[PDB]
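As a starting point, one isolated chain is supplied in structure tokens, in the form deposited in one PDB entry.
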């Protein structure tokens, strides 16, 4: 186990924990990368990291995130670390046809409050 993006995941887990959330990273790779919760809000996260100012994500992966989050009772979140601007969080919808994003598509960790 341990995806190639394992280091990025660890960093996020720390950020989230730093904000009062309990978090676990998945051992298998057929669900979502992380699942977090603080008693009020519940997050199901897919983690990515890029050097560009835009990123393309496959339907398969995003469809999986949504189906999982829906059944679990958590918000389907794509966390992207743009190696220049910082972490951006995007709540994805099944209405989306092509999953390509820029930072303005998401919000900051804090803003993601609720």
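Residue numbers count along the first chain shown, from 1. The term rigid core refers to the most C-alpha atoms you can superpose between the two forms while keeping them within 1.5 Å.
A summary of the deposited B-factors shows that, of 27 to 35 and 76 to 84, the stretch with the larger mean C-alpha value is 76 to 84.
Between 47 to 55 and 65 to 73, the higher mean Cα B-factor belongs to 47 to 55. In the PDB entry, a CA B factor belonging to the middle third of its chain's modelled residues is recorded for residue 10. The PDB entry assigns residue 95 a C-alpha temperature factor belonging to the lowest third of its chain's modelled residues.
The same protein has a further form, the form deposited in another entry, not shown here; the description that follows concerns it.
With the core held fixed between the shown form and the other one, residue 30 has its Cα displaced by at least 2 Å.
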